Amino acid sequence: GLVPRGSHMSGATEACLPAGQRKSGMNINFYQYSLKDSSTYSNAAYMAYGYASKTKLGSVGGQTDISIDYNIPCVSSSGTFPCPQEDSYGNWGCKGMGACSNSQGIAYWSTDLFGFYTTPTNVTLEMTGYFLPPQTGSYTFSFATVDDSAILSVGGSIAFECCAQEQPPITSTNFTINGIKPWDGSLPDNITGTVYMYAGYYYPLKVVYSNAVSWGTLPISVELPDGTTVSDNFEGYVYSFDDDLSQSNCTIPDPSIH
């Protein structure tokens, strides 16, 4: 057969070939999320698109270093220092700092999240960009843990529409990784989703992340088809393009036959 037969029943992930000026990194949009609201982010509709119905706080572009690791302050005898969560104890202190005088349960202001001055204790953010696979094959994306609620979506009409990165979010709830905070209880660690990708195509990528209280954590990784792992720093893999809703050929519904 002169040509590949194509993935079974339109099974391939939709990708894109934007013709515009490529920019290194992801765009991060920040939206309001209420301190101690442990229910809003438990809804699929909210995590897929509803977050953008809340007040948009701001944005930062060109982000390649994408894992989230936010630590609240411990106001201690020696000054004020961020406390790794696993070092917090009692009611409460931080190991190597003694007792902390401040509440774990109030809002805290910090630039920890991509240099944007906001409240990482209570916020929802949206990461958008395109993932560029250097190798053809199966890619396994993972969250090592989720504090508090998160999704990852890959693919045209799943993350967002090709050449329309900056548009309001689409409604698809067909998440690649579903790390939505369960109504009852939590989820295991190392939650994963696999996508088969063709080298040199641009795959829309969306990560929506929310925290309601104190610590926030989202360590992001991908395992390449060659078995190596890229964690946190996605430089060389993630790019942004300004919208071009007029580029007619931008969507590749089936990269296996394109």
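Basically, rigid core = biggest C-alpha set you can superpose within 1.5 Å across the two forms. Position 1 is the first residue in the sequence shown; the rest follow in order.
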Farther-lying stretch by C-alpha RMS in 7 other deposited structures of this protein (rigid core fit) among 123 to 131, 183 to 191: 183 to 191
If you average the Cα B factors in the entry, which is higher, 204 to 212 or 39 to 47? 39 to 47
With B-factors read from the PDB entry, the higher C-alpha mean of 20 to 28 and 6 to 14 is in 6 to 14
Residue, from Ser221, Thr217, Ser34, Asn190, that the PDB entry assigns the highest Cα B-factor: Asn190
Whose C-alpha has the highest temperature factor in the PDB entry: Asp87, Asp147, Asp184, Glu126? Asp184
Can you tell me which third, lowest, middle or highest, the CA B-factor of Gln167 falls into for its chain? highest
Quick check on the deposited entry: does the C-alpha B-factor of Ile180 sit in the lowest, middle or highest third of its chain? highest
Taking the chain's C-alpha temperature factors as the reference, tell me which third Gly98 falls into: lowest, middle or highest. lowest
Sorting by Cα B-factor within the chain, modelled residues only, which third would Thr118 end up in: lowest, middle or highest? lowest
Comparing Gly155 with the other modelled residues of its chain, is its CA B-factor in the lowest, middle or highest third? middle
